[PDB]
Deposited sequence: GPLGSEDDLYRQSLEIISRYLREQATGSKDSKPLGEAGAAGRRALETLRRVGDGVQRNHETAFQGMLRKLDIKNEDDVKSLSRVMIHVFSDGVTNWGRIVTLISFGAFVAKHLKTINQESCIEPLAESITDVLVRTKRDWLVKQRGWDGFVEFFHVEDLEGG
């Protein structure tokens, strides 16, 4: 519950800022921006292609994306690279949904991403020290 709310907060705020323009949580958002933005840049062409293959017709259509994320981890491997890649693809998708409909919300998207992440990887996240661990892994000097 604690980890859910904290994750929802961070992911939601990132997707909101991405769809528009706006402790660890501050650090986590600052890290999510740097890494997530880079992911989206390096892989823009690929991301657009994937967006073409999937559907997502509106704000509420997330079931498609959920299956994609669940399939990402189905090989039994977990790491921060994968978690942040999926969030960044979520941000990319949030941008797309806002373009087609300027008064759609990211809130359902962010909850679906959070849901998968937290429900499927709760103990791993806890062992990795949650968002503090996220910040430390991507830390640069």
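Residues 1-6, 29-38, 158-162 of the deposited sequence have no C-alpha coordinates in the structure.
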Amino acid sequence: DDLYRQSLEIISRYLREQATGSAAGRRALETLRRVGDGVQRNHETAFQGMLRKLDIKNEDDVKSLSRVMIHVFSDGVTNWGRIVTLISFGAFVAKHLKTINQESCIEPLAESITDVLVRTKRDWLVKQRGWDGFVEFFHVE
From here on, numbers count along this sequence of modelled residues.
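We call the rigid core the largest set of C-alpha positions that still match within 1.5 Å between the two forms.
Put simply, when the other structures in 7 other deposited structures of this protein are lined up on the rigid core, the C-alpha atoms of 64-72 lie farther off than those of the other stretch, from 64-72 and 36-44. Superposing each structure in 7 other deposited structures of this protein on the rigid core shows that the farther-lying of 55-63 and 109-117, by root-mean-square Cα distance, is 55-63. Higher mean CA temperature factor, per the PDB entry, when comparing 37-45 with 77-85: 37-45. Of the two segments, 97-105 and 110-118, the one listed with the higher mean B-factor is 97-105 (C-alpha atoms only).
Sorting the modelled residues of the chain by their CA temperature factor places residue 10 in the middle third.
For residue 70, the recorded CA B-factor ranks within the lowest third of the chain. Only modelled residues enter the ranking. Ranked by C-alpha B-factor against the other modelled residues of its chain, residue 91 falls in the lowest third.
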